[PDB]
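A.B. asks: before I ask anything, here's the sequence and the deposited coordinates:
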Amino acid sequence: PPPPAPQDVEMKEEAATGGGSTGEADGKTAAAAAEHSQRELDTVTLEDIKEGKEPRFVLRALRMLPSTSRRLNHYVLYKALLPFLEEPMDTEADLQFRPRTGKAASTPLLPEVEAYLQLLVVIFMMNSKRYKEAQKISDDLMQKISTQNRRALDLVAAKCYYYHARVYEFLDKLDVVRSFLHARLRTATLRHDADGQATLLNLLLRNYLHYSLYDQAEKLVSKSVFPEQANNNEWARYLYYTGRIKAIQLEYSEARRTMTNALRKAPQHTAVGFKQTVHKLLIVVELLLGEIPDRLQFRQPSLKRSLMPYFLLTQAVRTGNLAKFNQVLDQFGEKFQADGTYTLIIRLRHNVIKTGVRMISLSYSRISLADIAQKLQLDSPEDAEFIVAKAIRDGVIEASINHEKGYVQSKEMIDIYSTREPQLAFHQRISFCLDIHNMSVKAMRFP
Amino acid sequence: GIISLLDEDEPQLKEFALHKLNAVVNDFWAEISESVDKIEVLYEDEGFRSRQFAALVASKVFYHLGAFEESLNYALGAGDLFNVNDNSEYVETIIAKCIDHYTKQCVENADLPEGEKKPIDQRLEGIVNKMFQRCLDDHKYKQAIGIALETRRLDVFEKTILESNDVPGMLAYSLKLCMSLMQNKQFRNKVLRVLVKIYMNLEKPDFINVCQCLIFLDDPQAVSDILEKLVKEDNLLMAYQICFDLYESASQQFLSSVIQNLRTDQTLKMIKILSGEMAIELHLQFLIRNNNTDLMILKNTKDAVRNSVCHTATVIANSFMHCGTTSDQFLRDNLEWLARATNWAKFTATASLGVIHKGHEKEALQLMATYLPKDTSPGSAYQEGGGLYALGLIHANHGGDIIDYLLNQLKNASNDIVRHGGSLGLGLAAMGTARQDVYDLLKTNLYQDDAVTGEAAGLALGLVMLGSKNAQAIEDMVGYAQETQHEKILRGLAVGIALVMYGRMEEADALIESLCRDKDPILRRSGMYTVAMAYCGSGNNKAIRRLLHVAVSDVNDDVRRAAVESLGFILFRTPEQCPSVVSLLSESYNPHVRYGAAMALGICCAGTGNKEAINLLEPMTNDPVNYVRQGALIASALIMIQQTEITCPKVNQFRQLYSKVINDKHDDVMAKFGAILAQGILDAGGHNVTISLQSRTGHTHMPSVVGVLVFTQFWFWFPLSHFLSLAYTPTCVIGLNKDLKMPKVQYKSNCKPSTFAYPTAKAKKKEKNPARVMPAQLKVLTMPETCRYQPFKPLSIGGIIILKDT
Amino acid sequence: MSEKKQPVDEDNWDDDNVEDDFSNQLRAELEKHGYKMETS
Amino acid sequence: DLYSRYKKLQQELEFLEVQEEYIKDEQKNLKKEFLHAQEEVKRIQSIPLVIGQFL
């Protein structure tokens, strides 16, 4: 008695969404798609949520003259796989409705990802995407009829390339798909820019920081910026991956602002630990700064089972205990090697000394050297002059050593009062504000 | 990590290294991306024996990046591997953009046509003609004509007619295709002549070849070529088409060009073709047999007596249905209402005898042998002016020997109340003739010291100098146009100096600026009429930029009105854009731009079955301004002609709407003047005759440009309301074989009887008088395959074709 | 929402700043502090 | 028709991009016109106004 209901509403899924998309895509260009055609993301993740089932919607696909009304109603009525996923090509070649080729080569095929048998149909999904990649290649050699693949099926295409990813990942890696991607880039570079490269580039970094390491420098020459960032979700996790990069490129002062940006551009919900687990390794760069506040302003108790190392670790950060250092290391270094954590163990001592020198430096105008050699667990006055020079290391607040015997003649620095440095920066503040005025201009330009 | 291998200068490991390069080239993109310098080291080496494949791995890294001039350099220094490797997106994208570099290289090669061009690699064009050999073996006419005109070069285009055992139509439709798209004339002249050369030397003698280049290339030598040949093989059933096209399509001064080529039977034929009587009297025969009009509605508006311009409206409305019928009724049934108005209705009333008996060419002079200017009355000098005006309507657009005799009558006459009609008829029959006696008396016509003859002097000098590129007449005119005393003098001379240059496309632009610069409203207004006439029928943005700007920024409103008047004058080849572009122009501030907007949709969308122009003229004919309602009735007349009843259902709605506004008294008199004159426009011959900006030949017609542009502003001189009647062609077909030999041919169309019905499924012809028809009811006919007389030349629209006596 | 990597992966709690400040620093908060004045 | 369609799409494009500029200029113009409307109508001020009553 429940399955006759998706016979109605799962039918109206393709009726409303797909029928409106294809029919309203046949005209009214660029309102052809992208007013409910790329409702596709959540309505088709929902198709994989909202609801035997496997052969039914994949038989008898390409018929004739547009009788999909009757054919999808047959798919409704029939509720009472070896050539079956290829049967949308085996009834006849599709031969009409080229906006429907990728659509029916995505939406019926993909629910086996959520069926999870992983043994016989992932190679059949590989074959179904050999068909759909034959569409992808043959759109410019055999389909010289109209656009139908940029304005609708490019936004469909990047989605089903994430589904390519979902298929390719569950068994192996991909290498041929990378030059195949850059060919897809070349047929999206100058004509019509798609994300695409950034999709499999997120995957590139995701499997490469696991397994290849030359390619950040190849990103450097490959950094076509793509300032469109329309979803902002892909762009958010793009910033997450490259912030892991600059953490492993040991770039920290950039990392704090760009990863705080990457967090605040996540509007996400569902507190299973998505935002939380991404955010923990995000503010590992703040563990690497030398400065981090108490993480009470960051914890969701669903993350608590994973951060059972992490709270005691930030305790070790705020303290300086070598016992706590090594104990958190050996005991609580599990579950983070899967993410990669052991670059903080070399410089947790640096975190200690920068936290201490921050407290003491903003605390004290003048300090003495052979007592700042005993504020923290320092070693010697030669180690203390050493660590004063290493405490500068970049251009920190004025600390001149009293170069006879007066240990240090440091003082506080001034002229941040309200004089020229803020009005040196306010041109750029209002440069950002006029950029938002350009956003207002484009707000007017949206119709 | 191969720059370590690039430390070696011996190439004997560099073959292994380049085999590594194209192996892991997808992974090591940033390897070469700074190593471009060492790529240039191995490239510019004259001992490294893989500098071409070094240019290919350079093509790989600059395919990863996508550079253009690098791909030009790889066209240079990749050589053989640049040429034979062409089955890949990796190569076809970069060589596609190199073909784009080649097509802008051809843009450069068409920028300056005389030597000294930019250098060309023989390989960037080697891939052009190499890919073009695929186009020749593909043999598709797209593949020929596309790349043959992408290059903008006549050599490979000349080679495209040399393809395989086909081309039944390129050698007859190639000129059709090239005219159907052309924008530049600089090489179009050469393409149009090199095609008709091989059409003269075709296996088949063709007629559309010189039928097209005789009016778009207008050579005196080509008309002498077809004269020479079509007389030389001694047949005139084949010279039938093109000699009667010489009279029927071509305009004046091209007849001068051929009469230079006449003498050097067909002797009697070349005597009679430049006379050109047969079209005139078949028009006359058609209208005297085809009086499908109504006199009852003429009574229903004859009853609406007012002393004003309504008399002219009535006599022009029945002249519209009798121009070429030799038939009067309102010159007959009355004398008191006929002589009600004074001194201007007499001009118009004796002018209507010339309008109606236009198409009565030789005999209308003895028809007015009683009605000479000095026989009837020396009291009204406008009566004796309308007299010679009507003799100019006797010699309307095709005069004879009596052009010079009207000139002899214009040697001595009254001061100026004669030349207003006389010189207009003289330059009307003497279009572009550059005559000397018209220059003679037009000198003193300029120096009359009277403003009422400015139209005479200016307009007639522009007529006889249509497309002059003169200076001295223009010097006289515009340099007299800073110091005179009125503006009828200024404005007659202004539309005359508009009329002095035509179809220039680059040449009148000096005068365009010269008229542009002054603070004279009338002179910049003349500049707008001049940028119309020099740029007619072509969508040149060089007009519309300055027209756009002057129709926004200036508040001087006469020149703004002229700017929104030039639109259909320059864009009537494509009338299907004017609503979307004059839409808010119909909602301006002044009567000028609103009035010219109504007229813009009118003169633009003539032959359209649009009805959007109708729907937008609806709030224009219900406007608050009075004479824009007048002009909107006139624009309703403009839209409804080259349109029938079933082309738009508001035709009778506008007939009864004209009736509503004119047959009541309480509406606006000035705004109901247009209603019955517009009815007459609507019943020109009873929809037999209509306006014709565009021929089957494509040769535009001088009344249907010149007369309608003069007809635009008509308050300023009321006899400017006649000239649209001179722009009439009967919608009928000629399937005649011998010049009078009546056929036995009655063929049909698959249309409705009611689409045929003009106030069974098959159509019925009349065995040539010609037979009236919709213009759109000529592409839906069917040849008589059961007739004894079968036509051979395709008859898609009106005009003349050949028949065969079988 | 599977974002392609992440599926693989005021009771007593605002005081935590003060408490982690005060873990090994003034762990009694008074029992030395009330007894400081007779140290010197 | 890929030589003539690709010819004339460019043509109608350059047409409409010219034709945009007209209305861009008129939108520049009419805001000034509306300001002239505002102040040159609101010179309806106290020309020596009389005291009365409203009913």
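C.D. replies: Arrived safely, thanks for sending. Numbering: from 1, shown residues only, chains lettered A, B, ... in the order given.

A.B. asks: what residues does the stretch 1-150 of chain A put near chain B?
C.D. replies: residue A:140 (C-beta under 8 Å from any C-beta of the partner chain). (C-beta placed from N, C-alpha, C; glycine too.)

A.B. asks: would you map the helices across the stretch 1-150 of chain A?
C.D. replies: Here the stretch 1-150 of chain A has its helices, by DSSP state H, counting those that start in this stretch, at A:6-12, A:20-25, A:40-47, A:53-56, A:68-77, A:87-90, A:98-104, A:111-115, A:122-138.

A.B. asks: deepest-packed of these, please.
C.D. replies: Neighbour counts (mean count of other C-beta atoms under 10 Å in any protein chain shown) averaged over each of those peak at helix A:98-104, with a mean of 22.

A.B. asks: rewinding a little: turn the helices of the stretch 1-150 of chain A into JSON lines, columns for distance to residue A:405.
C.D. replies: Below are the helices of the stretch 1-150 of chain A laid out as JSON lines (distance: least, C-beta to C-beta, whole Å):
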{"stretch": "helix A:6-12", "distance to residue A:405": "85"}
{"stretch": "helix A:20-25", "distance to residue A:405": "82"}
{"stretch": "helix A:40-47", "distance to residue A:405": "70"}
{"stretch": "helix A:53-56", "distance to residue A:405": "85"}
{"stretch": "helix A:68-77", "distance to residue A:405": "91"}
{"stretch": "helix A:87-90", "distance to residue A:405": "88"}
{"stretch": "helix A:98-104", "distance to residue A:405": "79"}
{"stretch": "helix A:111-115", "distance to residue A:405": "73"}
{"stretch": "helix A:122-138", "distance to residue A:405": "75"}
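
A.B. asks: can you name the residue of chain D nearest to chain A?
C.D. replies: Closest to chain A within chain D is residue D:2: 8.9 Å, counting by C-beta to the nearest C-beta.

A.B. asks: residues in contact with the residue of the stretch 451-600 of chain B at minimum distance from chain A?
C.D. replies: Chain A sits closest to residue B:580 of the stretch 451-600 of chain B, with a gap of 16.7 Å, by C-beta to the nearest C-beta. Neighbour list for residue B:580: residue D:19 [criterion: C-beta atoms under 8 Å, 6 or more residues apart in numbering or on different chains].

A.B. asks: in which helix or strand does it reside?
C.D. replies: Assigned by DSSP states H and E, residue B:580 falls within helix B:578-582.

A.B. asks: kindly export that helix (C-alpha atoms) in PDB.
C.D. replies: The C-alpha coordinates for helix B:578-582 follow below in PDB (Å, rounded to 0.1, in the frame of the first residue of the first chain):
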ATOM      1  CA  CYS B 578      11.100  48.000 -37.000                       C
ATOM      2  CA  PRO B 579       8.500  47.300 -34.300                       C
ATOM      3  CA  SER B 580      11.000  46.200 -31.700                       C
ATOM      4  CA  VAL B 581      13.100  49.300 -32.400                       C
ATOM      5  CA  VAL B 582      10.500  52.100 -32.900                       C
END
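
A.B. asks: tell me which helix or strand comes right after it.
C.D. replies: Next along from helix B:578-582, by DSSP H and E: helix B:591-604.

A.B. asks: and after that following helix, which helix or strand comes next?
C.D. replies: Using DSSP H and E, the first helix or strand after helix B:591-604 is helix B:612-621.

A.B. asks: what angle do that following helix and helix B:591-604 make?
C.D. replies: Counting by axes from the mean of the first three to the mean of the last three C-alpha atoms, to 10 degrees, helix B:612-621 lies at 150 degrees to helix B:591-604.

A.B. asks: for helix B:612-621, buried residues please.
C.D. replies: Buried positions in helix B:612-621, judged by neighbour count with 16 or more other C-beta atoms under 10 Å in any protein chain shown: B:613-614, B:616-617, B:620-621.

A.B. asks: over to stretch B:8-18?
C.D. replies: B:11, B:14, B:17-18.

A.B. asks: what of stretch A:398-405?
C.D. replies: Buried residues in stretch A:398-405 (16+ other C-beta under 10 Å): residue A:399.

A.B. asks: got a list of contacts for it?
C.D. replies: A:361, A:369, A:385, A:388, A:391-392, A:407-413.

A.B. asks: how near is the residue of chain D closest to chain A to residue B:181?
C.D. replies: 12 Å (C-beta to C-beta, to the nearest Å).

A.B. asks: ok, the two, which is more surrounded?
C.D. replies: Neighbour count, other C-beta atoms under 10 Å in any protein chain shown: between residue D:2 and residue B:181, residue B:181 has more, with 14 against 11.

A.B. asks: let's have the buried residues of stretch B:8-18 in CSV, adding secondary structure and distance to residue B:327.
C.D. replies: Shown next, in CSV, are those (DSSP: H, G, I helix; E, B strand; the rest coil; distance: C-beta to C-beta, whole Å):
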residue, secondary structure, distance to residue B:327
B:11, coil, 98
B:14, helix, 97
B:17, helix, 97
B:18, helix, 93
